Every structure is written in C-alpha cells, then in structure tokens.
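Observations on the three-dimensional arrangement
The residues making up each chain are set out below.
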Amino acid sequence: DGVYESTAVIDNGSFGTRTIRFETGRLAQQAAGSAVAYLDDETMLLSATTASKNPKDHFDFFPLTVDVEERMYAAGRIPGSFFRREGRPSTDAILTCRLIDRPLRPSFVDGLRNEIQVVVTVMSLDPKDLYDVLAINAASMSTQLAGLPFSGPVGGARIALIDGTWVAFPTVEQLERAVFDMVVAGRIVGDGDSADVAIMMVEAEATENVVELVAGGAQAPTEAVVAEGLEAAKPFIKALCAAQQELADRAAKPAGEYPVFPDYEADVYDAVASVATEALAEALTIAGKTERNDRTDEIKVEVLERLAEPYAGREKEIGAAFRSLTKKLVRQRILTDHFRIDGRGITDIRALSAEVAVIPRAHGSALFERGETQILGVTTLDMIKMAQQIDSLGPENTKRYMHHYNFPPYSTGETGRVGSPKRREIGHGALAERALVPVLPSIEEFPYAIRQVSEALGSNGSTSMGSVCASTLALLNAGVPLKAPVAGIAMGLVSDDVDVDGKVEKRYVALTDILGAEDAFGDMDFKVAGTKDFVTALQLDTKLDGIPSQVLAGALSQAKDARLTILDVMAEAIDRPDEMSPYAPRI
Amino acid sequence: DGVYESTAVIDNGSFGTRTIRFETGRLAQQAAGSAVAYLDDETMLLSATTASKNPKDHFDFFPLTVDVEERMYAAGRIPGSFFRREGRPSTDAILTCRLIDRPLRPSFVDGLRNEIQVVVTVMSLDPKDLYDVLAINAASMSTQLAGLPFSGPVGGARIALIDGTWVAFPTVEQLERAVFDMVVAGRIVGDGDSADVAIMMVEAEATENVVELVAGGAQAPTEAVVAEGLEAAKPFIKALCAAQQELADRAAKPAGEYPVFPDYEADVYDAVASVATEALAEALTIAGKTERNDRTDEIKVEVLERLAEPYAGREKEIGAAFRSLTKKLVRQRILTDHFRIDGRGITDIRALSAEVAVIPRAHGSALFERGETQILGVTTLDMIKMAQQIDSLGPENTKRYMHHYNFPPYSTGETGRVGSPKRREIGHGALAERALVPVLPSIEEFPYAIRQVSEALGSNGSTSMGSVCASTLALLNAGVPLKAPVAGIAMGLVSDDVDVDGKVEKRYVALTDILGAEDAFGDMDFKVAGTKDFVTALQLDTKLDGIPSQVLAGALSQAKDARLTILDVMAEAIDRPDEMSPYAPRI
Amino acid sequence: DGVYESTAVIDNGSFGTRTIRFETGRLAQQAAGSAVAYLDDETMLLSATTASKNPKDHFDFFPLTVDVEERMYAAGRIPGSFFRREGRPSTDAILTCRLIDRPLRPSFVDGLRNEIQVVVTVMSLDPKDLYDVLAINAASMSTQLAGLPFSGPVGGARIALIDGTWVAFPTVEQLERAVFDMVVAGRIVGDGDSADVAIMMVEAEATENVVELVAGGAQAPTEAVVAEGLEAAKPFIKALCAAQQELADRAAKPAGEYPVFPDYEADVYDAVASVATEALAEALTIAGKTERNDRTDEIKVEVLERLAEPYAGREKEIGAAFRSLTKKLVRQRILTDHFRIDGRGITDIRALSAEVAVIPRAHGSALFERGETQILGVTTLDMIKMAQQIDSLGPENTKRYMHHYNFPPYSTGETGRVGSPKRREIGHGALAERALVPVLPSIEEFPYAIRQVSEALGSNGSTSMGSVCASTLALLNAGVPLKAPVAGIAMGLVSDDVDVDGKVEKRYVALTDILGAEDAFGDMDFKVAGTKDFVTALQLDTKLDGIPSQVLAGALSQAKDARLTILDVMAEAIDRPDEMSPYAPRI
RNA sequence: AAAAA
RNA sequence: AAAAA
RNA sequence: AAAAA
Ligand SMILES: [Mg+2]
Ligand SMILES: [Mg+2]
Ligand SMILES: [Mg+2]
Ligand SMILES: [Mg+2]
Ligand SMILES: [Mg+2]
Ligand SMILES: [Mg+2]
C-alpha cells in the first residue's frame, strides 16, 4: 500500500531495452530517505540518506559523506579474507563514492552545515551489469526523498560507442566492441518547452580495445565524437530524471527546516565593495605579479583598519567578502582583457621539461615538470605472476598494469600525515591509469606485470595529467613498446555576463593549463588525455546551465593543441622504447 | 612473605574436583590491584586493574575499559600472522571482554568518573580448559584488591548438564555429552543466615549435540531445566566469592577516595517532584500516545520556565531530574495498571511479518519485521573449503557456519561511521549464531560452508532475536534442511515496591517484546531463543537481589508462549527447506 | 645552474674508497629544505624538511616527526602484499626513524613549538649497501638547508671492525668478517684549531659471527676496543660534516624567524631561587627519602603561597622553575657528595632476583626483577618453517629469532591504550634482540625458530637491559644451548662545573643502574650488554661537548663490573641449558 | 601520528 | 570519516 | 578505544 514504484525505460534501439525501477516505502523506513533501485529486476541497490539533528556550526564546510557498501552475498560468494568478512572499501567502491559525491555535493544549497550521509548498499548484482551509474541514480533518489534542500534529481547514465551507436547502460559483454565509454551525470533545467538537460559530470575513457577496433574500421574517439556522445546522453538522463521526479512527486517528505550558514552577510560585502571597488580594480591593472600581491596585501590591511570597528568581531566576514570581491574582479578581467592571474595568455602552457633516466637502478624512470608541478614516475616490470589479484563484485579478475599515485605532504610545503592514501589519490591514480591502458602492449607481445608509481614531488594543482605524461615517459624508458604516447592537459573555462556600453550578454573563455588558483575562478574544469589521434581519458565537472556546442568544441580543440605541444616536448626526451634495464626480468 | 593465596575447591561429585587458586603480591605490583588465577595449577591468568589519577568530569558516563590479551605462548605456538605477532583481538577475546564487562560495570557505584581499566592476560592454558569463566573471577579479584568503590566480589562459573548432573567448570572433552551449557555470574547478598547468592548475568546455549543426545534419552533443555540450572550454580558461586573474600580480607589496599559525580542533586529533584508530581501523573492517565508526548513536552517547557532562575545555570540537573521522575511514574504505572508506554498489554508482541525470497540472485534471503524492527538475512552457501580457519587459544579449529551482524547507522536515523563492527555487533552476532548451531544439519548430510549476514535495516532495540528469526527464515529458504526452526524473543521484567492502602510490598511483572525505551524502565532484561521443544540460547542481565523461583518460571513460560506465536507466524512464510537456488553450488 | 653538489670522500685505506654526494636544487623545491644523498652514485635518498606556518603553542613539547619511506621500486620488485602496495612501515623503517630522531631532536633550540617534519624516501638502493647511516646525513642536510634554528650539521657513519681495521660505511659482504659494528653520529665543536667532533649518538652491536671470528684469532669487542672505535669514527664524521657545511654555505635559505616558548621566564626562576635556595638545600641534606619528599612538598606549598599573587596566573612557570631548581641542586649533590636521590652509592645495583620456571606449560620462562623493575620472558620454540619471512629493502630474508617487547600500561600504574606497540617498544625489542644473536646456537646445532616475549610487568625506567637478562634466563631455561649468557646494565653519567674554594672546574661522575628519575639529572645515558668476555650491544645518547678518554673508559669498566655482578646473580638461577619441556617440538 | 586482506 | 591476519 | 601483509 505504501510501496511506490516508478520505472524508466531505456530504449537502446536494436541493442535491447533496459528498465530501471525505483521503489520506496518498504526497506529502511527509519532513515531520512530511502530508495531501492533495480536494474532489469535483478540488480538491486538500497540507498539511505540520513541528516544529523543539529547543525555542527564549528565546521567551515559542508560535511557530506557518501559510502558504498559492496556486500559479497551479491556475487554469490563468501569473502576470501582470513576472517571471511568484507573489510575496507575496495578501489571500485572508492571510485563509486567519488562518482556519487561529485554531482551530489554542489546540489545542496550553499551554507548547509548539518552532516548529511548517503550509504548505497549492493544487495544483488547480475554478473553482466555495472552498478556505479545505477548508484548515482539510487543516491539522487534517496536524497530527493529525504526532504533536504537538494536541488535534484540528478540522473546518471553510461554510454558506449558500439558500431557508431551510442548504447546507454551497456552490459559487460557489450563493452568489448565499444571504442569509447563515458559516464554522464546531469540534471534538467527549464520547464515545459526548454527542458534540456544540463550536464554536471563526465568521466570518460577509451576501452582497452580502441586501437584494434579503430584498425578494424571503427571511428576513433576524437573530440567531435566525444561531443556527439555528450549530446547523445541527454534523452536517457531526461528519462531517469523524469522517473525520479514522478516517484518523489508521489512519496516525498515535506522539506524540513535546515539553517544555512553563509560565509559573509550582505552588509559586510556591500561595504567592502563600496569602499574598495576602485582600489582593487586599479590594483589589478598593473602588469606586475608580485607587486600586485603587495598591493592586495596593502588593501587587506586597509579594509581591516578602516572597517574597525564599525563591524566589530567580524573579521572572518571581512576576509570572506574580500576574497569574493577579488575573485569577481579577476573573473571580469579574464572575461574582458583575456589576461590571467600570472600574465599568461589563454593558450599558454607553462615551462615544460621532460627528462628520462633520472633514478639509478630503476627499471624505468622519468621526471616531468611543468611550471611549479613536478612529477616523478618509476616503472617496475616484474613476473607475470605478480599481477594484482582482485576480489570484489566487479567483473575483472586480475590487474596487470597498476598505477599508484603518491602525494607527499611536502608537495605544497605543508607538514601532515604520511601514510595511507586519501580518496583524492585513488581518484587521481585511477584517472591516470585509465589513460594508458588503451596503448599498453598485449600480454602476448610483452609478458610482464607493469607497475607505475607517480610521486607529486612538487604541486600547484591537478597533478594527474602531469602524472599521465610522466608515466608515458617512464614507460617508454623501461622498454615497454607502447602503441602511441599519451599526453595530458588540465584546462578550465570561465563563463559569465559582461556589459558592453548598453548590452549585457554572456561570454565564455577557455584557459589552457590552469594553476591551482585558477580553479576557484573557473566555472568548469576538465582534463583531457590522449594520443596523437584520439582521446583516451576525459573528466569534467561543471555547474553551468548548459554550454553551447561551439564553446565545447572550441575548448576541446584547444585541449588537443595543448596535448600536441606537450607531445612534441615529450618526443625529444625519448622517441622510442629504450633498452631494458639489465636488472629487469627476461621472459 | 608478601604472596598470599586462597583456593576454592569445586566439588563436581563423581566427575572430578577442580581447584581455582587466587594469588597476589608477586607479579605486577605497580597496578592498583593485581591477581593471578590458576585453574588446576596449569591454567594461569594475570589480571591488573588500574585507575586514573584525576576524574575526567567532561565525560557523561562511567569510563570502564576491559581488555583480554590472548598471548599465544600460552598455546605453545608461534603466531601464524605474516609478522608473527599477536595482532588485534579475536572474536573470543571480545566475547570474554563482554562477559567480564557485563557484571562488572554495574558493580561500581553510581557517579564514578575516573577511568578504570582491567587487562586480563592469558599466560598459560591447558588445551582442555576454558578460561573466560576464569577471567571473570580474575577480574573481580584484581578489582576488589584495587581499593575502588567496587561492591564485589563477583563469582562466575560455567555449568553443563551432563547425564542429569550439573557439572561446574567442565573441560572440553566433557562438554560433548552436555545438552546445555551456561555461564552464571553472581554475588553474595545477605550475611550469616541469609547468604544466598544474587545472580547478575546468565549466558546460556545448547550444545551442538543437543538433538542427538535428547534422541538418546537425555532431558532436553526446557525452561524448567534451565531454572534447575540457575539454582544449581549457586554453591559454586558461593565458593568462589568466599575465596575471593578471604584473599581480599588478607591483602586488600584501603579504599581510596574517589569523587562521585551524580547526574542531579537532591534539591533539584525534590523541587521538580513537588511542583510536577500531579501534573505528570495526570499526564500519564490518558489513553493517547502522541498526545501524552505533547503533554510531556509541555510539562518540560513548564519546568524549564517556572524553575528559572531559582536554579540558574542548572539545566542538565533539571533534565536529569525530569527524566528520573517520568521513569519512576511509568514504572509505578506498569506495576499497578499493567499498561505499558505504548498502550500494549504485557503479553502482546508487536505486528509481525515474515517474508522469504526478498533479494534476487541470493542463495537464500528473508525479511523479518516486528514493530519498528526490520532485519534482512541473506544466506550464502559455498564450498566446504571456505569454512573460516580459526587461529587462537580457543579449542576450535574451523568455523563452518558464520553469522555476521551489521548495524548500519541509519537503523535509528542517525549519521555515523560506517565500517568496522563495534563490540555490540560481535556480541549480537555471537548470540544469534549460538542459537542456530543446535539445529544445523551435519557436515555429512549437507556439505557446505554456510554464511549468514543479518542487516538491521530498521531498529528500535534488541535486534539480535529478530536476527535469529530472520536467520531461520533465510536458512530454510536457501534449502538448508534445519532440524527444527528456531525463534527468538526479547523480554523484560519490572520489579518494585508498591503500597496498597496500608501495606508496602514488592511486586513483579513481565513485559513481552520490550521496545528500546522499555529497557530503561526494567529491572531485568533477558532474551530467549529456541525451537518448539527446548531453549537453544538464553541471556540475562539483572541487578535485583534475587528473583523467586515462581517469578522466573512465569517469565520463562511467557517467553515460550511468545516464541510459539512467532514460530506460527514464521511457519506461514516457509514451511520446509525450499529448492536450492540455481546459482548455489552442488556437492 | 641552481643545482649544487658537494662530495665527501670516505677513505677506508685498502678496503676501498666511498663517496657520499649531497645535491640540492632540483627535486622537491616546495619543501622548506630538500637534499638528495647518493652513496657511490647508485644509492639515492631524498630528504625533505617542512615546518608549519603557525606555532602550535597548546603543545607542551617540541613536535618533530621523522618518517622514512621505503619505496619498493628501489629494490626492483613489486610489493608482495595482497594490494601490491607498500603499506605500513616495516621494523627497519622504524629503527631508522629512531636513528634519525635521536641526534636530530636535541639539535633544535629549546622552546621551538612549530611542527617540523622530515621525510626520507629511498629512491634507489644497491643490494650491497645499507642506507640508515646515509639517512642520518640526508636528514641533517635537508634540515640544515631549511633555515630552521638547527645547530647542525649532524654527520653519521657506520664503522665495522674487520681484521683490526675500522672500516667506515662497509658493505654487506664486508660485514661478515667484522666482529663489531657501530653507528656513530656526532657534530663538530670548536673552529679552526680545536675542531674535534663531539659524538652525540652511538648504536653498536657485535655481529652474529663474533664468537667464531674471535676463536679464529680476532680481537673480541671488549670495552677498550669499543673506545678505539669511538675514537676511530671521528675523521669520517669530520668529512661528512665538512661536506654538508660546504653545500649549506652555498645554497642555504636565510634563517626564518621562529618564536621560542620557554617553560619559564627569568624573573620567576630568579625569584624562586632567591627565596628557596637555602630551604631546598637544607631539604636535601637529610638522610631520609620519604621525609625529603614531604619536605619538598612543603616547600612546593610554600612557593605557591608566598609567590601569590606577585606573579598571578603564572602557576606553570612556578612549577617549571621549582623543578629546574631541584634538578640543579640534586645535580650539584651528586657531583659533590656522590649521593644519589635514593641514598644509593654510585656503584650500587638495586636488589636483584632471577627466577626460572615461572609460567607453567611454557617452553621456557623466567622472571627477572631489579628494584621496581620486573620483567617476564617467555621463550617459545617451534618448527623451523615458522621463522618470520621478511619482505623489505633490507638485505635479510628470514628472521629465525624474534624478540617481541610488550610494555603494558599498568607497568607504571597508569591506564591507557592496550594494543599496537609504539616506536619505543620496537626500539627496545630491537636493542634487546641484537644483544642475544651473537650467542645463539647455529641453525644446524639447534634447528628451531625461537621466539621471545618480554613483558614489562613492573617498570621504573630503561627496561630493555632487564629484558636482555630475562631473555638469557628464559632461553637457558627452554633448553637452548647458548654459547655464553648475556647480561645487561643501564648506566648514566652526570657532568658539570663545581667550584672548590677558589677554583671552578668541570668534574664527571658515573651512576650505575640509574632509575627513571636519575635520567633527567644525567648528562649522558648509555646501556651496555654483554657476556663475560665482550660487549654484544651498546647504546649511548649524549649532548656534552666531548668526554675525555679516561672518563669514558672508567664508565665502561664500571658497566662491566655491574654486568659481572648481574651475571653472578643470574648464574645461581640456572647454570646450564635445562631439559626441553615435554610440550616442545623435537627435531 | 610524533617525543618520554 | 568526509572536502581542499 | 571503551558504554548504549
Ligand atoms: Mg581542475
Ligand atoms: Mg575535474
Ligand atoms: Mg534487553
Ligand atoms: Mg541481555
Ligand atoms: Mg637511560
Ligand atoms: Mg639510551
């Protein structure tokens, strides 16, 4: 009676027809919201969102926590541990936690301080399905039901390019003819007539068989093909969002009253603006970097002195308002004068250097530095029996090529805990590993168990693409006969309204090779890695209400040009797979 | 010279004669108290109790911590880990920590805030003895010596029903003819002539051979037999308590001065009583649940307003006194009008529903919900080589049937840490696992390695018995040919003085299927699980100075009636072991 | 261009010639200081020191943290874990962290509160070199560069006694003819003409082949030989310190401004001195221990009352000044009247008792107590297949004899966390294990995998030498045919200026078997363990600017006399290897 | 970490 | 721990 | 660390 259902019928043409079914009202009725998601009546996940009672205001950020529980009775097996129990999250559970957390975290209003928490449990899994793109839907549903200030729903799909057809939610036996495979997550903006979706997250990779299939006669995953993919995942996200909205229009709890804690009030920001606008503006027109820093520090002292004490005991509000003001002014500058915070041009990569044979007695090694970023990659071939043995719900058994990404605390100069990797390091390692598997040689043409270790010896921001380039260098050095070198580049996009003399219109600009500071002044950040001919990895997080096709194509072609320059810089360090190190094993 | 001994001679008639020897003054003379306990001059434990110097008042509870250290040189073996060192506590060490903590925690006075800590180390273990029932004695002794406000000593024994004889402290080769096996822990009340013991803890289970032995001609462990057992463990607890008291009358340190921190003073409680007694009393006479909640909230606002500020800055005392007052009034109501906090009768179980075949692609599964409680059990048969390999001091080698109990944070609606299980979850898993081993089929009639996973999807209190019922359902579903289904029920008992017109006498009442709130209004809480014919598991924690035999027999027969109703509700979901799932292995 | 080098040429005569090369300016340019250290162009470590921005004043101690990262690509191998990743630090990484932390921690000025941190990463390792004595140099260099208040540099070397020649930085194939092997770390004091080094740390052990080699005709590592070793490691420390100083005179960052937080100001200490000097002095002349404690407590009450409130809200300064005053007066007493804090003489060991056959059903066991210290050792022979399998950069494969050292919290009477061992326990276990390997029987004459467990049942200070004696007792008891028993003793040395009637001269005194309190009144603390004929382990931490050869020889001969008395006390408990326990395995 | 498966 | 054984 | 390777 109190169990409500709603289905979304995914229509893949002649490749089949799937049905994702959302059900609520039966299981876990104590959480703030709960929802069970079935994929083809056989895959079954349970998501349950709970919010804390009191807002922990001592925090300075929104404390959302996603957990994915891979129960092993889903696979019909007993865990293989010594204690026959499911222990700590595997790598796939962490990657799915990140997939869920990325489009869900910016969906909550700005200033929420309660401790929201989502826990997606895999209760059944058909051995031919993937569940992460279903975990996104289950989490969005169970958060939409909870009555939180969650501007959803958030529909997520996975599309694969099989024989020129973009198949949505493909099985595992179908992901062996696909050249490209991407997870797209978005939401619907506009009602009735302008209901187009607004993609928020893209995580794309070229399958391990892209080279053989493209040699067979397929179409390689270039940038135009990736744009066709981004435009061919919209109907499915529309279907999923419509189904979630039907269910939550049946059985949603009325919106609770959660207090929001803004960083600064309106009065303080208006005051800082009115009394420092022209000062900060003329502080930005000067062609000097460090001098501009000194002038900004002086303006900081000035706002601290002249606003004391008309606003007594409100120093954090002053600082937050000043940071918002300088961010707005730098954004307007980047939009109008095309000049970035370090005098660089929009299409200028920092100073590149690639060196091979850095570490002695290593099988292969290389040091790739770009600007302040400096990565060291060390490839360690070994016996094929050393391939990592995977034990999880996922379809794969062994991992021949392992990419491990270390981010020591002194990369930025800050002390901290050295030890176990965080979730960021797992995400960066996975992103930089899925960018090299398309070009690795076969297990018959090169029978070893490669293992890559990338060290962020110096960091300014977004070191995963630098790690892709350093991994290509180290892998060519160790003697591994890659099919083609894979470069990488991490760009951003700033979009906003500007007023010419009497017109107020939106304009966009792309920034090549952004720093860590240019990530807070950007409205989209995306990382493209690929060879000379096709993209092997792509990742994109945005919050804009839709990007025109021309702007996306332009930014992606700019990314290709950056990749080609980086590739011509890398091809001077090492052109071909060098000789095996005398310490390397021989098979 | 300063080494004092005292022996307790356990006289098991014709089954032997044991001697537990307590020794102090030689080892670990830096702790607040220390004592070595020998069982038959060969089993040797060392317990050492230490108290912190300053009372950590910021805590809101008594911070006692028990640890049991299973040193492996006791078993004559080197640890088998990769690092050849004893790592984290096994399951048996955790269960023994709980066995010690359960009768020891209520023995300290109310309001102690120092950080007491007990650490029992197993220094030698004969391979034919059990040491947990000896760990209780060692811990009680070493805490009685420390000069703490510890109202001991606490004597603990293990009795087994072998051929109609209740044998105390039986070996492992003797626990194979026993039908029932129970650990009893109690203390002596009354001096000289009325020195009868007052049992505080019972943890009982029917041995894995109960069905075969009862078929042979034994007497099945019914409720009258369990009462005979509770009355046949009194002389041994008397002996152990007398020995500990001899030793601590020889070599105990004078009682130190430890401050106590009451939750509320006498003045505040007297004031709240005098000014809210009749209001809260008439607030309880109304037949409405939610309306009564609103009236109690109104009385809370009233006590907060009219007592402000005659007691300024004393809000916690107000709240604690109000909670004590409402608890006392609800207790008097339950004693007089037989009506509980939710209008239920004393012999009324909540609304039951049992469903099988819930999860798809699972070997067996079932969902059992009772009231707000809702448990999901998933049975996963596999190959016999997957039985858990145990490596510890304990006598068992492998664990064929594994019960794992998960309590997610959203069971109550609260966010929290998802991950490793606490000690409560280990205790509940063990209690619900020892309730099903008496009825599991042999390793020859059903050659698999069963594994059960019980999920507390919805929780109000005491979900372990619900997990026993859900495990019976899931196990019958997966095709496992049980010998008889095993139900469970978690009851309580409220006992107190009441005054009829001119007489003040003690009366008792039993409450069937208590909630989580009816656990703070009860003077005993006990859980009984069993088949149609005999109890397979029992657990009981009390603080009363002895219960008449009639009251205990009545409460236990009431528990049997609850079990029979639950069993007739479960027999409609699934009557017989269903067909094996096509995914299950075939041997 | 910005990459600076400096080499130190170690000249081992006819045994070879090594070259340690320090390089800076290329890798990890974001840390406060960074330096790469090469040993023979093939071993390569990277050290990077970072300091926090703000001084965490809430701490009560200097928060330095050293980490050693053993990257496995150094050894050309993939890690062997299930997850094929380097997990938690091995034992060798912890011992190297301690080797670095011991001479580095007292090098920083007194009162630093920022959170310094050193992280030494092993990027390449020739399989014939050791890297810990190189890690000390890399850490001292990268800390000298950081611009901290670090009074370095600190040069560390390893010398081995091969055929009467003290070889510096010997390989692994050369450490098989050495009888003694010691790590020496020191710094240079005096400039120009009196530039002699001032050793700060010594960690010495006799190689596993000392007995066979001494039988061959070598010179056993007596105390005079160890003194010759301490005098033969000075030129190499001079070379290393000169090289580090050349580099840091090329490319060091100017000293930053770090605030220091003294424990007490000058005014408070001067006041407490002026108003309590004679009171505390006459409080020390009395021959009563406990009475002196009462008088000191009375003087504490007096300084708290009469200095209140001329210094209001300054209680911690009062306490720190009082502790400094009493420490100074006890030091002057020990220097002048030769009387220690407990009336003992300078050459008096506490009351010794050694007992064997303590624990029943153990392969071997013994209890050795000295004063308040009381250690229990339990030897557990087993099958040779149980030897610990090591997987790390280090040269060793298996560990036949394992010494595990447990320090329970109740050793001092304080509650705490029972569980994983700290770094102190690893250091003490290693120190007490390297003291028994010289005398263990071969793998052919006694084919078992011994394992020792030492329990600090009672502790006053420095229980590692007591654990060496208890391990000798337990090992003789279990039937292991040692080549000679190994005793141990932990002495200290107090050195200071004293003024006779008109002369102010430095005098030294040695204290045999110091307590835990006599460690804060001592200017050096060293532990010597050995057999009747030679030292098998030695450890020494000092801060003095050089000790005359006569004083060191005297203190070491005093240590030998203490060892001989302890050995004659141990030889009465058990003279010869007893019979194997009937539970022990037979090979 | 962290110093005593 | 969740964001940067 | 625990109590609920
Ligand atoms: Mg970015
Ligand atoms: Mg991104
Ligand atoms: Mg209960
Ligand atoms: Mg109970
Ligand atoms: Mg010492
Ligand atoms: Mg020392």
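Residues numbered from 1 in each chain as written, not as in the entry; some residues may be left out. Chains lettered and ligands numbered in written order. Heavy atoms only, no water.

Here we come to the sheet that holds strand β16 (residues 402–406) of chain A. Residues and elements named next belong to chain A. Ordered in space as β11-β12-β13-β17-β16, the five strands form an open sheet in which the pairing is mixed. Unpaired on one side and paired on the other, β11 (352–356) and β16 mark the two borders of the sheet. The mean inter-strand angle of the sheet, taken between neighbouring strand axes irrespective of direction, is 15°. Relative to strand β13 (residues 373–379), strand β12 (residues 364–370) runs antiparallel, the two being bridged by seven bridges. (Pairing = 2+ DSSP bridges. Helix = DSSP H or I, 4+ residues; strand = E, 2+ residues; numbered from the N terminus. Axes fitted to C-alpha atoms, helices over the stretch in contact; angles between N-to-C directions.)

Turning our eyes to something else, we now look at the protein's contact with RNA strand D. Residue and element names in this part refer to chain C. For RNA strand D, the set of nearby residues contains 13 residues, the closest of which are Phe59, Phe61, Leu64, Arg98 and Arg105. Considering the 4 Å shell around the protein, atoms of RNA strand D inside it are sugar or phosphate in 44% of instances. Between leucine 64 and RNA strand D, the recorded distance is 2.4 Å, taken from a backbone N or O atom to a sugar or linking oxygen. In this structure, a sugar or linking oxygen belonging to RNA strand D sits 3.2 Å away from a side-chain N or O atom of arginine 105. Of the residues belonging to the surface near RNA strand D, the class tally is four nonpolar, three polar and six charged. (Near = heavy atom within 4 Å. Polar contact = N/O pair within 3.5 Å; in protein donor to acceptor, adjacent residues only side chain to side chain. Nonpolar A, V, L, I, M, F, W, Y, C, P; charged D, E, K, R; others polar.)

Moving on, we get to the relation of the copies chain A and chain C. Two copies of one chain are present, and they are related through a rotation about an axis combined with an axial shift. The transformation that overlays chain A on chain C combines an axial shift of 0.1 Å with a rotation of 120°, and the residual RMSD is 0.0 Å. These values place the two chain copies in the arrangement generated by a three-fold rotation axis. The rotation axis passes nearest to the C-alpha of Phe82(A) in chain A, at a distance of 6.9 Å. (Least-squares fit on C-alpha atoms.)

Further remarks concern the interface of chain C and chain B. Taken together, the contact between chain C and chain B spans 45 residues of the former and 39 residues of the latter. A buried area of about 3,400 Å², summed over both sides, lies between chain C and chain B, and 54% of it is on carbon and sulfur atoms. Across the contact surface, chain C and chain B share four salt bridges. As a salt-bridge pair, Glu455(C) and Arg71(B) come within 3.0 Å of each other at their nearest N and O atoms. At the boundary of chain C with chain B, the tally comes to eleven residue pairs in polar contact. Counting residues per element, the ones that place at least two in the side of chain C that touches chain B are β12 (364–370), β13 (373–379), β14 (388–389), β16 (402–406) and β17 (451–458) of chain C. Tallying contributions element by element places β17(C) first for the side of chain C that touches chain B, with five residues. Residue classes in the side of chain C that touches chain B are distributed as 19 nonpolar, 14 polar and twelve charged. (Contact = heavy atoms within 4.5 Å. Buried area = accessible area lost by both parts, 1.4 Å probe. Salt bridge = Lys/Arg side-chain N within 4 Å of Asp/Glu carboxyl O.)

Judged by side-chain polarity, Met383(A), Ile384(A), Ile443(A) and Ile587(A) come together as a nonpolar surface patch covering roughly 330 Å² of accessible area. The residue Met383(A) is located in the loop between β13 and β14 (388–389) in this model. (Patch = residues over 30% accessible without salt bridge, like charges linked within 9 Å, V, L, I, M, F, W, Y side chains within 5 Å. Areas by Shrake-Rupley, 256 points an atom, 1.4 Å probe, with all protein chains shown as cover.)

All chains considered together, the criterion is met by 117 salt bridges over all chains. For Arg576(B), the salt bridge goes to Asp575(B), with nearest N and O atoms at 3.8 Å. Neither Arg576(B) nor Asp575(B) differs from the other in exposure class; each is exposed. With a closest N to O distance of 3.2 Å, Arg158(C) and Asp181(C) form a salt bridge. Residue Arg158(C) is found in strand β7 (residues 155–162), and its partner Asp181(C) is found in strand β9 (residues 178–188); the two are separated by 23 residues along the sequence. This pair shows no difference in class: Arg158(C) is buried, exactly as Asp181(C) is. (Buried < 20%, exposed > 50% of the residue type's maximum accessible area, 1.4 Å probe, protein only.)

Following the criterion strictly, the structure yields 18 aromatic pairs over all chains and no others. For the ring pair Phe82(B) and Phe83(B), a centre distance of 5.2 Å and an interplane angle of 70° mean the geometry is edge-to-face. When its relative accessible area of 41% is taken as the criterion, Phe83(B) is described as partly exposed. Each residue in the set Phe62(A), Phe108(A) and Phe150(A) is aromatic and connected to the rest through ring pairs, giving one cluster. One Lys or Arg, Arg424(A), reaches over the ring of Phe407(A) and ends 5.5 Å from the middle of that ring. (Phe/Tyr/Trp six-rings, centres within 6.5 Å; stacked < 30°, edge-to-face > 60°. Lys NZ or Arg CZ within 6 Å of the ring centre and 35° of its normal.)

Residues and elements named next belong to chain B. Along the chain, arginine 21 turns up in strand β2 (residues 17–24). By relative accessible area, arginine 21 is classed as buried at 16%. Among the polar contacts listed, one links the side chain of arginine 21 to the side chain of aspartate 41, at a separation of 2.3 Å. Excluding residues within four positions of it along the chain, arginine 21 makes contact with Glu5, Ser6, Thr7, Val36, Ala37, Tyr38 and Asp41.

Time to look at the pairing of strand β3 (residues 33–39) of chain A. Residue and element names in this part refer to chain A. Taken across its seven residues, β3 has seven buried, putting it largely inside the fold. Of the two faces of β3, the one holding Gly33, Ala35, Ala37 and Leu39 and the one holding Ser34, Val36 and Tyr38 are both buried throughout. Taken together, the four bridges between strand β2 (residues 17–24) and β3 define a ladder with antiparallel strand orientation. Bridging from a neighbouring strand, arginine 21 pairs with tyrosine 38 of β3. Bridge count between β3 and strand β4 (residues 43–50): seven bridges; the pairing is antiparallel.

On to the protein's contact with RNA strand E. Taken together, 13 residues lie around RNA strand E, and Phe59(A), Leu64(A), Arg98(A), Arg424(A) and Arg417(B) are the ones closest in. A breakdown of the atoms of RNA strand E within 4 Å of the protein gives sugar and phosphate a share of 31%. Measuring from a sugar or linking oxygen of RNA strand E, one finds a backbone N or O atom of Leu64(A) at 2.7 Å. Within the contact set of RNA strand E, a phosphate oxygen lies 3.4 Å away from a side-chain nitrogen or oxygen of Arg424(A). Per-class residue counts for the surface near RNA strand E are four nonpolar, two polar and seven charged.

Moving on: the UniProt feature "binding site: Mg(2+)" in chain A. All names here are of chain A. Feature annotation in UniProt places "binding site: Mg(2+)" on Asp519 and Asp525, given in this structure's numbering. Structurally, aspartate 519 is set in the loop between β19 (503–511) and β20 (524–530). Residue contacts for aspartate 519: discarding those within four places in its chain leaves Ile514 and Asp525. Sequence-distant contacts of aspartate 525, defined by excluding residues within four places in its chain, comprise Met491, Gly492, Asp519, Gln539, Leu540 and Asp541. (UniProt positions renumbered as here; feature names shortened; annotations may be inferred.)

We now examine the interface of chain A and chain C. Opposite the 45 residues of chain A that make contact, chain C presents 39 residues. For the pair chain A and chain C, the two sides together bury roughly 3,300 Å², of which 54% comes from carbon and sulfur. Where chain A packs against chain C, one counts four salt bridges. Counting across the chain A and chain C interface gives eleven residue pairs in polar contact. At the level of secondary structure, the elements contributing two or more residues to the side of chain A that touches chain C comprise β13, β14, β16, α9 (423–433) and β17 (451–458) of chain A. Broken down by element, the side of chain A that touches chain C gets its largest block of residues, five residues, from β17(A). In the side of chain A that touches chain C, the residues fall into 19 nonpolar, 14 polar and twelve charged.

For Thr50(B), the location among the structural elements is in strand β4 (residues 43–50). Accessibility expressed as a relative area gives 0% for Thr50(B), which makes it buried. Considering only alpha carbons, one finds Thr50(B) and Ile100(B), 50 residues apart in sequence, at a separation of 16 Å. In contact with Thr50(B), not counting residues within four places along its chain, are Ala31(B), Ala32(B), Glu115(B), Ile116(B), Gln117(B), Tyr410(C), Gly413(C), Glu414(C) and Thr415(C).

Another point: unusual backbone geometry. With omega at 5°, the peptide bond leading from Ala308(A) into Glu309(A) counts as cis. Structurally, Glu309(A) is set in the loop between α7 (289–306) and α8 (315–336). The residue after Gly152(C), namely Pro153(C), is reached through a cis peptide bond having omega 0°. Here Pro153(C) shows up in the loop between α2 (132–145) and β7. Positive phi, normally seen in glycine, also occurs at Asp163(A), with a value near 55°. Mapped onto the elements of the fold, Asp163(A) is located in the loop between β7 (155–162) and β8 (165–168).

Our next topic: the side chain of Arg71(A). Summarising the element assignment, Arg71(A) is placed in the loop between β5 (65–70) and α1 (91–104). Owing to a relative accessible area of 10%, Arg71(A) belongs among the buried residues under this scheme. A polar contact of 2.9 Å, which involves the side chain of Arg71(A), links it to the side chain of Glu455(B). Discounting residues that sit within four places of it in the chain, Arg71(A) has contacts with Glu86(A), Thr121(A), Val122(A), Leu393(A), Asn406(B) and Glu455(B).

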